[PDB]
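First the structure, in the form of structure tokens, and then the observations on it.
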Amino acid sequence: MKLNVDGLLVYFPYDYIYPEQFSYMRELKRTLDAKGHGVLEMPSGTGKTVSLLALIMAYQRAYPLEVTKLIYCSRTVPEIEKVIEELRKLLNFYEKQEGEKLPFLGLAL
Amino acid sequence: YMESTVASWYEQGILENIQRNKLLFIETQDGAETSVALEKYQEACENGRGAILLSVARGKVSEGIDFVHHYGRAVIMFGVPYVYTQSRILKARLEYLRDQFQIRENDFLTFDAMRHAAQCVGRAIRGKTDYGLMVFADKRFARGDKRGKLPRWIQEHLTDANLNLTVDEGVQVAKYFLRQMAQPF
Amino acid sequence: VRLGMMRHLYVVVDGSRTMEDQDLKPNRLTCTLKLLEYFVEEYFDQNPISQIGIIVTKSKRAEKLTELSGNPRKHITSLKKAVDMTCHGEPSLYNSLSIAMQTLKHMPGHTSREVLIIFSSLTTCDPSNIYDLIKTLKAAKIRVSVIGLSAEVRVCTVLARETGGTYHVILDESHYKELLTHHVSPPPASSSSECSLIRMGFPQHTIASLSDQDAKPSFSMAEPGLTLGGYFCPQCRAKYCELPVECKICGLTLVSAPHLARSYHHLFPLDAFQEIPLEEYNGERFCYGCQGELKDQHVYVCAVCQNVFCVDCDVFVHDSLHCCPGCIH
Amino acid sequence: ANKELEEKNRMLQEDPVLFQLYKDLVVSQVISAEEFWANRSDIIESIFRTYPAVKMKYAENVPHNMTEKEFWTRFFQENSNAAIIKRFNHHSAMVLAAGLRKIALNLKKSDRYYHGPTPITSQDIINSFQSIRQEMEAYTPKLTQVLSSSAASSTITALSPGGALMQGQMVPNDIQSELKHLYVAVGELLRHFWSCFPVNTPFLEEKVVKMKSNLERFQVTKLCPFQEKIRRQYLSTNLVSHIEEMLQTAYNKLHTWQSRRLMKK
Amino acid sequence: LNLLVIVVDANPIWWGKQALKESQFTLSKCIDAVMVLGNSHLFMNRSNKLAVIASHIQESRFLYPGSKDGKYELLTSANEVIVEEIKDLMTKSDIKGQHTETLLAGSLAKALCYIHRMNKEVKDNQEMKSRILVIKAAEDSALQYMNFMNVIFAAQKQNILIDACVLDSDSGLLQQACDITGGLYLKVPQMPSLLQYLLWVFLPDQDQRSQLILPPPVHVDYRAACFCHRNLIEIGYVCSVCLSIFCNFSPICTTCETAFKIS
Ligand SMILES: [Zn+2]
Ligand SMILES: [Zn+2]
Ligand SMILES: [Zn+2]
Ligand SMILES: [Zn+2]
Ligand SMILES: [Zn+2]
């Protein structure tokens, strides 16, 4: 389910995205393109991380020099544990599309 | 405040009627009691007993716990969550925000409650489009200022027609709401 | 899809206090009893070889209101009596399911065991855990299809899907008839479910041989007076007043020829008819099925006979007659 | 333990039908009774189950120089505020613990249904078809052709009870009860006799029951004619022959299947 | 009110054979008896409606949806439509040697839906008690048992009577139908006097049939036969899929193809 965002093409593992998600990625890309700090709200607790993560993965590949690393923090360790699962699922989907390992590392301190 | 409300219900037959309708759990400061009670709560929902977990909005239990399908189906916000204004530590924090950054003392105080009230009640909609209703047991929330500070997704869905539902009227619409959500897609 | 021709369904009804509340036009308990009568009367009318047994669970106790039987009149009579039931207490799903399991445990393998639970009060106080019972039900191949009333309770949600049944809720009274009416049809047999041949005997109705010569006086078999003639058995040789009744002695089902022919329409469901509003070269102004003028822009046709049927005919054919009039030719 | 003795006392008089027929098998001393059965508050209780402390107290505080009413009194009896929360969670926890004890179908011949179980030259069609075609060119003969006084009258006479097409006694009532008792008597004992008969049961343990049941059929039916003889020698009216069929047909099935057993051997 | 329906079995082969036999009884008289029977019914009360249906080896057509002779004007229209319609059906027809047995289940199916179509139209104020006065005049068709069996149950569900008045041959299947739905049965042997049977036994409506003495029901032999042989069998074996009466024990029943497991 690749998404041809206005900024670039963004891979997405799940089948469908609600219209708000379209606004989410472009809104996030706007701040990332401007390279300026910003704040945004998205209701869904689940699927927000993957949508947030999905753009970063595409953004990193498109502009690896623009962004060095991703620092995604969570309130509580019990909640960060489920977050990395979303990233792990996305990586397998993205890796499966490519068909080979990529220089991507993800871990939780 | 929770104990006083519990005690008043305990003296009256309201609490016993609630106990008959469903199991009721209360929360205490100690985490060990909360952990055991919460685990029992999750057991009640799995079975048909169901459980009414009374908690404090600012308690560590509310922020830590997450409510999903058939868990906290009808989150109830009893009164706006406010701290003891006599707390000097809060006053110093509150006073500075008025002194600098140009924020009214009441505006921030309401903002903290509105942000916190939405924090605990927004878990019922975690994901997978699992139906869940949120009831605010206070006429204050109906005020325009409170609604404005309310999150967009919760705010925009909320309409003026159901804004001031009566206790029994709110119950009836909730029963209707469950019916529509109960049926499959 | 192969269906369960012979099924033993239990209609478990909750005697919970919530049934006292009147969300519908009449009292909720009366309405279910009123409509449950339609299902009981219709249930046998579309599956004679099957048998039904009702259970009422109130005050945390499940009491068998009526045992398994093939006479809708007897079951309906209990429903009329149950109208004035106290309806005060709390249901116990474990008690209800356990009662059904005991009776249904010894049932023959060929029959398709089922249960229909009319859930009203979302609370379910039970003596023990039900998940152990749920595991037993699956090993017992009992299909539990709850029909909740004003609640999508989680406990029942797993019950229906986990056990293979279907869960539903009453949107309104009119929708209530649709839900039970769906359960009238024999639910399809799943992969786990199996089938086997069943022995049966056809009781030839007999009367006095020749002017009360070598007569066969007898009263009945479940204040019945002497009967000049009545149904006998190939093996019991017992006078049965009415059919279809399981042999009180043999244990072999007795059933007349028409009853078996009643359920054939299930085996050969009629293919739906495509709906085309415009005339589409249909030069017959009068409907073929009912010889009535079509006052609506609607038409139905088969894939073989290619005839014309109005809305009234198609609604009737797929509702009751279960066959195409002209396409028979 | 004497579990059976207690059960018999409970059903000794509570239910007449169950015990009434069981005695009849022994009234005439037919067979031993061993084969008969061998083949075939709330508030206090809630606290009893809910609060373990009350259960322990009850055992230790069993009535001794006290009264139950006094015991009932003992039931209801910032730090105090916390007690309610602890009690309800404990009470709710105890209640929760109390309730937790430790295929697409296919066919090859569908025409058979259309011509179902109910059981059962060319020029004649042409000859008949043409002849009828020219029959109705004269119509509306209703004035006289439809009916005649003779034809109509004959129909009425036939419709009379004496006529063709119209073919067309509760004297014993006290004896009815005995037959119903006998009918239940036969049904009660035939059920066990026919319980194992339909199943072949090629096993000695299951087959031994058949032999005992098969022999028991004679024993129960040995006394049957004696009761029949008394009733028959009353007025020689309203003969009861159906009751004989079950016994005689039971014999025939017994004798035939018993004979079939020898052939199988 | 009552909605009578006379499903006449106007089989040309059988009625034609009578013409060749030159017997006293003839189809024209039968239609007149139906006609007079039809007229009397409507004649009973204004609210009553009727309908007439024929049968043929090809297809069955409805014979029905000043006072020149002096009779009631309404009855005059009914006679004209029926008289002309029947002659058209009989005179005009194809030839098919393969199919020569009269069809009755199909004709009834047109009858059962007609009441339902008419039952919807009738206003809520007036309750209707419909009836079907099937007048069989030929032997039944073997291949039509299942189709005929479905219509009968539809009648019972909707409470329409089937007062079979078969003649010249006792139809074992038809006599079964009238019993299930509560309809009357009658095997008139005096065909010339057929009408007088109708005005007596069949004319009275259901609400009045009870308060009247009529010929007693004939014994109905609900025979069941194996699918091997088509011979009467008292003890039948069926499977939970085919629901098919079978002759004796088999490892697997052919019509099912099920992997039946012994035990
Ligand atoms: Zn029998
Ligand atoms: Zn039509
Ligand atoms: Zn068709
Ligand atoms: Zn055979
Ligand atoms: Zn089969």
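Cα centroids of region C:276-292 and region D:188-207: 64 Å apart. Amide H contacts for C:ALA151 (H built 1.01 Å from N in the peptide plane; partners 5 or more residues away or on another chain; cut-off under 5 Å): C:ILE170.
Residues in region E:97-106 carry Karplus couplings, in order, of x, 5, 10, 10, 8, 4, 9, 10, 4, x Hz; the curve used is 6.51 cos²θ - 1.76 cosθ + 1.60 with θ = phi - 60°, and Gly or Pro positions show x. Using the Karplus relation 6.51 cos²θ - 1.76 cosθ + 1.60 with θ = phi - 60°, the per-residue 3J(HN,Hα) values for region B:74-83 come to 10, 5, 10, 9, 7, x, 5, x, 10, 8 Hz, with x marking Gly and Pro. The C:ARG285 and C:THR181 beta-carbon pair, evaluated with R₀ = 22 Å, returns a calculated FRET efficiency of approximately 0.05. Loop-located trypsin sites (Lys or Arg not before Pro) in region A:1-106 (DSSP state not H, G, I, E or B) with no more than 14 neighbouring Cβ atoms inside 10 Å: A:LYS2, A:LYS35, A:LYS69, A:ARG75, A:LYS101. Gap in Å between the Cα centre of region D:240-262 and the Cα centre of region C:133-159? Spelled out, the Cα-based centre of one part sits 47 Å from the other. Taking every alpha-carbon pair under 8 Å whose residues sit at least 6 apart, region C:1-138 reaches a relative contact order of 35 percent.
Shielding of peptide E:157-169 by partners, expressed as the average count of other chain Cβ atoms within 10 Å per residue Cβ, is 1.
Using a simple spin-label model with pseudo-atoms 7 Å out from Cα toward Cβ, B:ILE89 and E:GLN208 lie 9.8 nm apart.
Which of C:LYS138/D:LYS253; B:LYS22/B:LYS149; B:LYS139/B:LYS175; E:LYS49/E:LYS71 have a Cα-Cα distance over 29 Å? Among C:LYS138/D:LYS253; B:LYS22/B:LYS149; B:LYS139/B:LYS175; E:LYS49/E:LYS71, the Cα-Cα distance tops 29 Å for C:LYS138/D:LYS253; B:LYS22/B:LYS149. Taking DSSP loops as anything outside H, G, I, E and B, show the longest stretch in chain A free of GluC sites (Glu not before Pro) there with at most 12 other beta carbons within 10 Å. In chain A, the maximal stretch lacking such sites is A:1-40. Which value in deg cm²/dmol, rounded to the nearest 500, describes the helix-derived mean residue ellipticity at 222 nm for chain E, given -39,500 (n - 2.57) per DSSP H run of n ≥ 4 and division by the residue count? Calculated from helices alone, the mean residue ellipticity at 222 nm is -11000 deg cm²/dmol.
Most simply put, the protein assembly as shown has about 35% antiparallel DSSP beta bridges, counting only bridges with both residues inside it. In summary, the convex hull built on the alpha carbon positions of region A:28-109 has an orientation-averaged projected area of 6.0 nm². Working from the Cα coordinates of region E:1-212, the gyration tensor eigenvalues give, after taking √(5λ), semi-axes of 25, 22, 17 Å in decreasing order. Based on Cα contacts under 8 Å between residues 6+ apart, region E:224-263 shows a relative contact order of 31 percent. Binning the alpha carbon pair distances of the protein assembly as shown at 10 angstrom intervals from zero yields the distribution 1, 7, 12, 15, 16, 14, 12, 10, 7, 4, 1, 0, 0, expressed in whole percent. Listed by number, the DSSP H helices of chain B that run 15 Å or longer by alpha-carbon position along their axis and have mean Kyte hydropathy of at least 0.5 come to an empty list. Placing pseudo-labels 7 Å out from each Cα toward the beta carbon at D:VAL62 and D:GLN77 gives an inter-label distance of 2.5 nm. The charge dipole of region B:30-86, taken about its Cα centre with unit charges on the Cβ atoms of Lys, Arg (+1), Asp and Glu (-1) only, comes to about 200 debye. Ordering A:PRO43, A:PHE12, A:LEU32 by Cα displacement along the dipole of region A:1-51 toward the positive end leaves A:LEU32 in first place; charges were set at the Cβ atoms of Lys, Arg (+1) and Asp, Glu (-1). Using unit Cβ charges (K, R positive; D, E negative) and no other charged atoms, how large, in debye to the nearest 20, is the dipole of the protein assembly as shown about its Cα centre? About 2600 debye. Annotation: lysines with alpha-carbon distance below 16 angstrom to C:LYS34 (same-chain offsets under eight excluded): C:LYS25, C:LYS74, C:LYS80, C:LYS81, C:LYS177. Using the Cβ-Cβ distance between D:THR157 and C:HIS298 with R0 set to 51 Å, the FRET efficiency works out to roughly 0.40. Across the options B:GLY127, B:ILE26, B:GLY59, the greatest Cα extent toward the positive end of the charge dipole of chain B (unit charges at beta carbon of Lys, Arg, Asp, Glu) belongs to B:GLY127.
Amide H contacts under 5 Å for B:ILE52: B:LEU23, B:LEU24, B:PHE25, restricted to partners 5 or more places along the chain or on a different chain, H placed in the peptide plane at 1.01 Å from N.
Phi angles of region E:151-167 translate, via the Karplus equation with coefficients 6.51, -1.76, 1.60 and θ = phi - 60°, into HN-Hα couplings of 5, 4, 5, 4, 5, 4, 4, 8, 6, 10, 7, 10, 8, 4, 10, 4, 9 Hz per residue; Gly and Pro are given as x. Put a dot 7 Å past the Cα of A:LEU65, heading toward its Cβ, do the same for C:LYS81, and the two dots end up 9.1 nm apart. Quick one: go through region E:222-263 and flag any residue whose amide nitrogen is under 19 Å from the point 7 Å out along the Cα-to-Cβ line of D:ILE120. In region E:222-263, the label zone of D:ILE120 (backbone N under 19 Å from the point 7 Å along Cα→Cβ) covers E:223-233.
Note that chain B, at 10 °C in a medium of 1.306 mPa s, gets a Stokes-Einstein diffusion coefficient of 87 µm²/s from its Kirkwood radius over C-alpha pairs. Once backbone amide H atoms are built at 1.01 Å from N, B:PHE78 has B:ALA137 as its partners under 5 Å, excluding neighbours fewer than 5 places away on the same chain.
Between C:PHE268 and C:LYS105, the FRET efficiency estimated from the beta carbon spacing at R0 = 41 angstrom works out to 0.75.
Projected over every direction and averaged, the convex hull enclosing the alpha-carbon atoms of chain C yields 21.9 nm².
Per-residue extension of 0.36 nm, minus the Cα-Cα distance of D:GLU178 and D:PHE203, leaves a gain of 5.1 nm for this segment. Measuring between their Cα centroids, region C:48-122 and region E:183-244 lie 37 Å from each other.
Since every read-out is calculated from the coordinates, none of them should be taken as a lab result. Neighbour counts run over all protein chains shown; Cβ positions are idealised from the backbone, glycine included.
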